[PDB]
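Participant:
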Amino acid sequence: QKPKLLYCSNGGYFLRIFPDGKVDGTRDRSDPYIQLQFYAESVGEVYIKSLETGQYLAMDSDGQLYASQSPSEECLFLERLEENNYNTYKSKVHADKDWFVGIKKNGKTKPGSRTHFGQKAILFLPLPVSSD
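Put into structure tokens, the structure is as follows:
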């Protein structure tokens with residue numbers, strides 16, 4: 007009643023992370039391990055979750071997207087919801103944008119591909135999956 011996968015407008019697949027925290031789009035919300043969580047800390051940056059296992063989400067120290075495990079700024083993100091429905095995500099501290107979250111494809115997200123505040127990559131559909 008608190009997790010929620012990280013869906014996206016680029017295809018409509020759910021962000022999660024399977025083993026190595028390798029994030030990916032899975033339209034299989036049912037998957038017993040594809041949750042996420044969009045919460046923020048303070049500012050305009052956020053902290054997501056990987057799985058119900060109380061992981062996180064962070065950009066790999068290069069530009070990829072991996073499940074965050076540790077706090078630290080690296081493992082922060084952004085917060086931009088349009089009107090009221092779905093929010094960008096991925097970041098850290100700075101805005102820049104060169105590494106904003108996205109998902110699509112069929113499973114693998116958007117590893118920093120070509121983000122830009124407002125892009126579908128970024129924008130992600132939070133959902134009360136949880137359970138019932």
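Numbers given in this note's numbering equal positions in the sequence shown, counted from 1, plus 6.
The C-beta atom is built at its ideal place from N, Cα and C for all residues, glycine as well.
(1) Tell me which same chain residues have a C-beta within less than 8 Å of the C-beta of residue 141, skipping the five on either side of it?
(2) First and last residue of the beta strand (DSSP E) that includes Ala46?
(3) Which residues mark the beginning and the end of the beta strand (DSSP E) in which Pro132 is found?
(4) Check the DSSP bridge columns for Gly31 and list the partner residues they point to.
(5) Can you tell me where the beta strand (DSSP E) holding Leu12 begins and where it ends?
(6) With a threshold of 7 Å on Cβ separation, who are the neighbours of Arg33 within its own chain once the five nearest residues in sequence on each side are excluded?
(7) Where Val49 and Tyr95 are concerned, what is the direct C-alpha to C-alpha distance, given to the nearest angstrom?
(8) My guess is that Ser15 and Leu129 are in contact by the Cβ rule of under 8 Å, so how many angstroms apart are they, rounded?
(9) Between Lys126, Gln43, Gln125, which has its C-alpha nearest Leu82's C-alpha?
(10) Ignoring anything shorter than 3 residues, give me the beta strand (DSSP E) runs that lie fully in the segment 93-134, in order along the chain.
(11) Can you grab the Cα-Cα spacing for the pair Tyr45 / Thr59, in whole Å?
(12) Hey, could you find the ends of the beta strand (DSSP E) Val52 is sitting in?
Facilitator: To lay it out plainly:
(1) Any question about residue 141 goes unanswered here, given that the chain covers just 7 to 138.
(2) Run containing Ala46: 42-46, per the beta strand (DSSP E) assignment.
(3) If you look at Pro132, you'll find it in the beta strand (DSSP E) that goes 130-132.
(4) According to DSSP, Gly31 bridges with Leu21.
(5) Unbroken beta strand (DSSP E) run through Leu12: 12-14.
(6) Excluding residues within five positions, the ones whose Cβ falls inside 7 Å are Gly18, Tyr19, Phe20.
(7) Between the C-alpha atoms of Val49 and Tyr95 there is a straight-line separation of about 13 Å.
(8) For a cut-off of 8 Å, the C-beta gap from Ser15 to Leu129 is around 5 Å, short enough to register as a contact.
(9) The closest CA to that of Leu82, considering only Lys126, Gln43, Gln125, is found on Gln43.
(10) List check, beta strand (DSSP E) in window: 130-132.
(11) Straight-line Cα distance between these residues: approximately 15 Å.
(12) Judged by DSSP secondary structure, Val52 falls within the beta strand (DSSP E) whose first and last residues are 52-56.
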